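Only one chain comes next, encoded as structure tokens, the form deposited in one PDB entry.
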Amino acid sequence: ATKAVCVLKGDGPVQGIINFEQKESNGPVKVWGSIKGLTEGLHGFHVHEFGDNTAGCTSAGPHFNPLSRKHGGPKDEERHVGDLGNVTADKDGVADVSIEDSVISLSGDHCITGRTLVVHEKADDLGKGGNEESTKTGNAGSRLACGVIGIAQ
């Protein structure tokens, strides 16, 4: 298998740890971990293009989009490679994450390693919000925490 990992930090209380594992080349990637310090509800969760956090999470640029598509949800055909939807926090501010995604990869042109995982301020509307920004960012707002996705042992 191929493995990757991301430590999420920002300027506020949000922080987390997310693991990625891919059994086979071109097969699905399991994504799991925990994020804390959140407000209750949905927070957009995306791989952004650049693994640059020079100036904070803003430096990571737009959602990772090697296939030239519009923004969507992870269950949509029309989506960015980096569109992993939302994580959902309870009242305690914790999101336990355990999903599988077929579009991200840990090798090749869909590879997310060396890019930035970001957890956002607000819900991602998954492109269904009825404005142009919806089909670009999902209207998920600012970047609460992020980290560069790295190769794991």
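In this text, residue numbers run from 1 along the sequence as written.
S.K.: Please work out which of 89 to 97 and 111 to 119 has the higher mean CA B-factor as recorded in the PDB entry.
M.R.: So the stretch with the higher mean C-alpha B-factor is 89 to 97.
S.K.: Compare the mean C-alpha B-factor of 54 to 62 with that of 24 to 32 as given in the PDB entry, and name the stretch with the higher value.
M.R.: 24 to 32 has the higher mean C-alpha B-factor.
S.K.: Using the temperature factors in the entry, find which of 103, 126, 67, 84 has the highest value at its Cα atom.
M.R.: When the deposited C-alpha B-factors of 103, 126, 67, 84 are compared, 67 is largest.
Beyond the structure shown, there is the form solved in complex with a partner chain, which is absent from this document and is the topic of what follows.
S.K.: Check whether residue 70 has any heavy atom within 4.5 Å of a heavy atom of its partner chain in the bound PDB entry, and answer yes or no.
M.R.: Taking the distances in the bound PDB entry, the answer for residue 70 is no, it never comes within 4.5 Å of its partner chain.
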